[PDB]
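Asks: The sequence isn't on hand, but the structure is:
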RNA sequence: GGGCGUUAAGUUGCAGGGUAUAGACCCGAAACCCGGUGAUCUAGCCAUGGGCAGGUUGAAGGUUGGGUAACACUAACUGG
Ligand SMILES: [Mg+2]
Ligand SMILES: [Mg+2]
């Protein structure tokens, strides 16, 4: 689950202060950040089915809570995906 | 007693009739063996030079976009 140090960086700008660790902005950011790095892990290995199963949770959850906010505070999303990368 | 002999002139030439060896009345095989001449046709190969109007289809490969959590996937265009 990446480094205990890491994510320290990403709570800023996304969050209003450090240890504001629960804004939906950050977890999404935490998830993507892992996922992205973590796609390297499945390049090599790749027949590591089990590890993948955990991945999709990250992806499922990410997407599930990326949909939550779509209902609350409009364009509190259109100010973060492009800020990050993903709307495919 | 028996068998074969003694009682029957031969021989050397010349001509003829046969026969033996020879091609041995004449013509005639398909073949067998020896030694030469042939890859200017043709089979294959070896160098060295030529030839294939015109019209199709459109593999791999590349680029881009869609698609994926990432892949798969898919669309043009390019390519030949
Ligand atoms: Mg562990
Ligand atoms: Mg010749």
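Replies: Thanks, I have the structure now. Numbering: from 1, shown residues only, chains lettered A, B, ... in the order given. Ligands and ions are numbered 1, 2, ... in the order given.

Asks: element containing residue A:51?
Replies: helix A:49-71 (DSSP states H and E).

Asks: Find the residue at the geometric middle of chain A.
Replies: For chain A, the residue nearest the mean C-alpha position is residue A:31 (2.4 Å; CA atoms, centre = their mean).

Asks: where does chain A come near RNA strand B, residue by residue?
Replies: A:35, A:39, A:42, A:52, A:55-56, A:59, A:63, A:86, A:88 (CB under 7 Å from any atom of the strand). Placement of C-beta: from N, CA and C, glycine included.

Asks: list the contacts for residue A:23?
Replies: A:14-16 (CB atoms under 8 Å, 6 or more residues apart in numbering).

Asks: So it versus residue A:16, what's the distance?
Replies: 7 Å (CB to CB, to the nearest Å).

Asks: which stretches of chain A form helices?
Replies: A:24-41, A:49-71 (DSSP state H).

Asks: Include distance to residue A:77 when you put these into TSV, please.
Replies: Formatted as TSV, those follow (distance: least, CB to CB, whole Å):
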stretch	distance to residue A:77
helix A:24-41	9
helix A:49-71	6
